[PDB]
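Listed below are the residues making up each chain.
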Amino acid sequence: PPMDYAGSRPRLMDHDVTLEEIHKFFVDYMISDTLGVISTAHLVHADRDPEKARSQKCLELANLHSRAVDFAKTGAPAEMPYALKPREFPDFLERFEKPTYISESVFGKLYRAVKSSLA
Amino acid sequence: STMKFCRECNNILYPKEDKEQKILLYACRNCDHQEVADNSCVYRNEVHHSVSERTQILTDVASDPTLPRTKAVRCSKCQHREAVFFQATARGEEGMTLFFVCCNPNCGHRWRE
Amino acid sequence: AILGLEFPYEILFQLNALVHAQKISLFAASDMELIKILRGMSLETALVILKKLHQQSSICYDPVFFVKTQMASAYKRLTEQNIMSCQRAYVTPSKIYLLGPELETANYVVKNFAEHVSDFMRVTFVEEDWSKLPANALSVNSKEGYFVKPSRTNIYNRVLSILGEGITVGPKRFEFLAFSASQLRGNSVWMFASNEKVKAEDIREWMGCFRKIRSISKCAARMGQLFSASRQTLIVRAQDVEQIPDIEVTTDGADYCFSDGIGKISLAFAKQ
Ligand SMILES: [Zn+2]
Ligand SMILES: [Zn+2]
């Protein structure tokens with residue numbers, strides 16, 4: 001079954017826009033903008049933990065990603081937890097400075113095949 | 001809940017209404033003196049709940065209820081399930097929005113719905 | 001105030017872009033001789049020599065010697081391929097970098113305001129390395145009291161002041177119009193220089209009335225949604241518009257709507 005598509009409650013003001021709260025929202029968009037890291041964390045967790053997209057962690061990550069996508073529409077921050085950070089990346093990434101771990105998933109096999117073909 | 005003493009005999013005055021005069025008047029039964037009233041006020045009491053005097057400390061009247069607690073919601077900074085939820089208005093928004101306060105003594109994190 | 005003359009805006013903007021780039025220092029282009037030479041000449045030749053100097057591989061020390069040794073269509077481009085010269089500006093916590101009149105695809109807002117082609121400027125807030133601003137540089141968290149409360153940094157106030165007061169470049173002062181959905185995710189915003197003919201508020205009210213929206217994010221999204229690249233077509237009045245009712249299904253206590261943005265078109269309209 002698909003996940004619920006119900007969004008957050010809209011926020012309505014009691015006064016018209018004075019061209020200041022819009023600036024506040026625009027500046028606050030940079031803060032707590034975790035749209036680009038949720039996908040990476042989900043991919044890392046799927047590659048590490050077997051039986052991916054079945055545990056509650058994947059569901060929580062999907063809900064957080066949906067909320068982050070909805071952030072551009074409604075002012076609901078994603079609120080990325082600290083304990084959900086991967087702190088590890090597979091071979092098929094450009095984060096050379098970050099620690100690299102050998103992945104044994106299908107993506108790891110595909111990357112190894114590509115590396116062998118190139119070499 | 002107001003009283004005044006007439007200058008003629010220094011005795012209490014009771015309010016009365018006259019149909020012909022159509023104005024508030026104060027006269028006492030002690031002496032014969034009628035005086036004009038001021039502000040047309042005969043009763044003014046601030047509403048208070050101090051009825052059970054010297055009894056609210058022994059028996060808990062529950063004047064200030066405690067906020068409810070839930071365990072379904074999971075905190076973000078820490079992995080603690082217990083949290084406090086309540087409804088309150090925002091700075092400028094309308095309606096009631098659900099809030100959450102973490103119950104972990106070492107977390108101290110609050111977030112909205 | 002140093003110039004105090006009728007110096008053109010385009011040449012001044014090009015000179016500012018040259019100064020911002022690592023080509024000519026500030027004092028090397030602030031002398032009286034250079035502005036005296038560049039004041040009265042041919043505009044096209046001046047633009048050509050300025051862009052040639054911009055194309056210099058190394059840093060130029062003497063611009064006077066270089067410039068001594070060196071010596072309508074916009075509407076058609078917009079109607080053909082929507083080609084416009086839009087100024088792009090980068091705002092950093094330390095300074096501001098002006099890229100210059102880079103060619104880019106034109107949007108809808110400039111179709112009916114093509115005369116003020118130079119008044120539109122794209123402003124992007126980046127770091128010193130022209131990268132995205134880290135979350136730690138804005139609103140750093142601090143534990144004060146029983147609960148943690150974020151503390152706004154000086155960069156936050158600087159960005160607010162830049163957005164409010166605006167950016168002044170020569171005899172112009174750019175004002176905030178709106179920002180598109182794509183620009184919101186890239187920290188970009190449109191700015192328009194107010195003029196005696198049309199001001200920023202005039203364009204804002206010409207686009208539509210946004211006082212009906214009471215949501216901060218929704219109002220910004222609706223104001224910035226009309227900035228995508230498009231091809232101009234014929235004009236249709238508001239006399240022949242249908243109001244076909246939609247269909248809604250409510251199952252399991254959930255509101256499911258089939259028709260979200262679907263519509264109906266005819267064959268003649270498609271041919272036209
Ligand atoms: Zn008396
Ligand atoms: Zn917590």
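The structure we're discussing is the one just above.
To start, this report covers the structure provided alongside it. (Residues numbered from 1 in each chain as written, not as in the entry; some residues may be left out. Chains lettered and ligands numbered in written order. Part of a larger assembly, values for the part shown. Heavy atoms only, no water. Residues with missing side-chain atoms left out of burial classes, pairs and counts.)

Turning our eyes to something else, we now look at the overall build of chain A. When helices and strands are tallied, chain A shows 4 helices and 0 strands. Reading chain A from its N end, one meets helices and strands in the order α-α-α-α. What you see for chain A is a C-alpha radius of gyration of 19 Å, clearly larger than the 14 Å of a compact globule of 119 residues, by over 25%. Overall size of chain A, expressed as C-alpha extent along the three principal axes, is 65 × 35 × 25 Å. Partitioning the intrachain contacts of chain A with sequence separation of at least 6 by distance along the chain shows that 46% fall at a separation of at least 24. (Helix = DSSP H or I, 4+ residues; strand = E, 2+ residues; numbered from the N terminus. Rg over C-alpha atoms; globule rule 2.2 N^0.38 Å. Contact = heavy atoms within 4.5 Å.)

On to the interface of chain C and chain A, then. At the junction of the two partners, chain C supplies 27 residues and chain A supplies 26 residues. Elements with a minimum of two residues in the side of chain C that touches chain A: α6 (154–165), β7 (188–193) and α9 (216–224) of chain C. For the side of chain C that touches chain A, the class distribution of residues is 14 nonpolar, 7 polar and 6 charged. (Nonpolar A, V, L, I, M, F, W, Y, C, P; charged D, E, K, R; others polar.)

The subject of this paragraph is the environment of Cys219 of chain C. All names here are of chain C. Among the secondary structure elements, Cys219 is positioned in helix α9. Classification of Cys219 by relative accessible area gives buried; the value is 8%. For the pair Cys219 and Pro134, spaced 85 residues apart in sequence, the C-alpha to C-alpha distance is 27 Å. When residues no more than four places from it in sequence are discounted, the contact partners of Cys219 are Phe210 and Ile213. (Buried < 20%, exposed > 50% of the residue type's maximum accessible area, 1.4 Å probe, protein only.)

It is worth spelling out the sheet that holds strand β2 (residues 96–105) of chain C at this point. Residue and element names in this part refer to chain C. Pairing within the open sheet is mixed, and its 5 strands lie in the order β2-β1-β3-β7-β6. Looking at the sheet topology across the chains shown, the edges are occupied by β2 and β6 (174–178). Shown here is a sheet whose adjacent strand axes are inclined to one another by a mean of 35°, direction ignored. Bridging between strand β1 (residues 83–91) and strand β3 (residues 120–125) involves 5 bridges; their strand directions are parallel. Across the sheet, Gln87 pairs through a bridge with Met121, a residue of β3. Each of β1, β2 and β6 touches helix α1 (residues 9–20); the most contacted strand, β2, lies at about 120° to it. (Pairing = 2+ DSSP bridges. Axes fitted to C-alpha atoms, helices over the stretch in contact; angles between N-to-C directions.)

Moving on to the coordination of the zinc ion (ligand 1). Residues and elements named next belong to chain B. Summarising the metal site, the zinc ion (ligand 1) is bound by the protein donors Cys6 (SG), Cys9 (SG), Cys28 (SG) and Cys31 (SG), whose distances to it range over 2.3 Å. Seen from the zinc ion (ligand 1), its 4 donor atoms lie at angles of 104 to 117°, and the figure they make is tetrahedral. All donors of the zinc ion (ligand 1) belong to a single chain; written as a sequence motif, their spacing is C-x2-C-x18-C-x2-C. Of the two residues, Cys9 sits in the segment before β1 (14–17) while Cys28 sits in the loop between β2 (24–27) and β3 (34–36), which places them 19 residues apart along the sequence. (Donors = N, O, S within 2.8 Å, 3.2 Å for Na, K, Ca; no water. Tetrahedral: all angles 85-135°; square planar, octahedral: opposite > 155°, others 65-115°.)

Residues and elements named next belong to chain B. Strand order in the open sheet made by the 3 strands is β1-β2-β3, with antiparallel pairing throughout. On the outer flanks of this sheet lie β1 and β3, each paired with one strand and no other. Each strand of the sheet is rotated relative to its neighbour by a mean of 40°, with strand direction disregarded.

What follows covers the pairing of strand β6 (residues 97–102) of chain B. All names here are of chain B. With 5 of 6 residues buried, β6 is to be regarded as a mostly interior element. Judged from the 6 bridges that link them, strand β5 (residues 83–88) and β6 form a sheet pairing that is antiparallel. By the bridge assignment, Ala83 is partnered in β6 with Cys102. In terms of strand pairing, β6 meets strand β7 (residues 110–112) through 3 bridges, oriented antiparallel. The partner of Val101 across the bridge, within β7, is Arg110.

Attention now goes to the coordination of the zinc ion (ligand 2). Under perfect tetrahedral coordination by four donors, a metal shows angles of 109.5 degrees; under perfect octahedral coordination by six donors, it shows angles of 90 or 180 degrees. Residue and element names in this part refer to chain B. Taken together, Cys75 (SG), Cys78 (SG), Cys102 (SG) and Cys107 (SG) make up the full set of protein donors to the zinc ion (ligand 2), lying 2.3 Å away. Geometry at the zinc ion (ligand 2) is tetrahedral, judged from its 4 donor atoms and the angles of 107 to 110° they form at the metal. The sequence motif formed by the donor residues of the zinc ion (ligand 2) is C-x2-C-x23-C-x4-C. With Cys78 in the loop between β4 (69–70) and β5 and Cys107 in the loop between β6 and β7, this pair connects stretches of sequence that are 29 residues apart. By the burial criterion, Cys78 is buried, and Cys107 matches it.

The next point concerns the pattern of salt bridges. Going through the model one piece at a time under the given rule, you end up with 8 salt bridges over all chains. Here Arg152 of chain C makes a salt bridge to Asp28 of chain A, at a shortest N to O gap of 4.0 Å. On the criterion of chain membership, the pair formed by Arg152 of chain C in the loop between β5 (148–151) and α6 and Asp28 of chain A in helix α1 (residues 21–30) is interchain, its members lying in two chains. A salt bridge links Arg69 of chain B to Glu82 of chain B, with the nearest nitrogen and oxygen atoms 3.9 Å apart. Here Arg69 of chain B is found in strand β4, whereas its partner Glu82 of chain B is found in the loop between β4 and β5, with 13 residues between them in sequence. By relative accessible area, which is 28% here, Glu82 of chain B ends up partly exposed. Counted as one network, the salt bridges with shared partners bring together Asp16 of chain A together with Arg211 and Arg214 of chain C. (Salt bridge = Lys/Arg side-chain N within 4 Å of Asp/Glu carboxyl O.)

Here we take up unusual backbone geometry. Non-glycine residue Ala53 of chain A carries a positive phi angle of around 60°. Positionally, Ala53 of chain A belongs in the loop between α2 (35–48) and α3 (56–70). At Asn10 of chain B, a position not held by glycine, the phi torsion is positive, near 60°. Tracing the backbone shows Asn10 of chain B in the segment before β1. The exposed category is assigned to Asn10 of chain B, whose relative accessible area is 58%.

Pairs of aromatic rings are described using the distance from one ring centre to the other and the angle between the two planes. Summed over the entire model, instances satisfying the criterion amount to 17 aromatic pairs over all chains. Judged by centre distance (6.2 Å) and plane angle (40°), the ring pair of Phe25 of chain A and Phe71 of chain A falls under tilted. Of the two residues, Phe25 of chain A sits in helix α1 while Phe71 of chain A sits in the loop between α3 and α4 (106–118), which places them 46 residues apart along the sequence. Each member of the pair, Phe25 of chain A as well as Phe71 of chain A, carries the same accessibility label: buried. Relative to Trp111 of chain B, the ring of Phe100 of chain B lies with its centre 5.9 Å away and its plane at 10°, an arrangement referred to as stacked. In this pair, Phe100 of chain B sits in strand β6 while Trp111 of chain B sits in strand β7, placing the two residues 11 residues apart along the sequence. An identical accessibility class is assigned to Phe100 of chain B and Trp111 of chain B; each is buried. Through successive ring pairs, a cluster of aromatic residues spans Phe26 of chain A together with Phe125, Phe176 and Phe179 of chain C. The ring of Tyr14 of chain B carries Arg29 of chain B above its face, with NZ or CZ at 3.7 Å from the centroid. Against the face of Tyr9 of chain C rests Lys172 of chain C, its NZ or CZ located 3.8 Å from the ring centre. (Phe/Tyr/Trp six-rings, centres within 6.5 Å; stacked < 30°, edge-to-face > 60°. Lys NZ or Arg CZ within 6 Å of the ring centre and 35° of its normal.)

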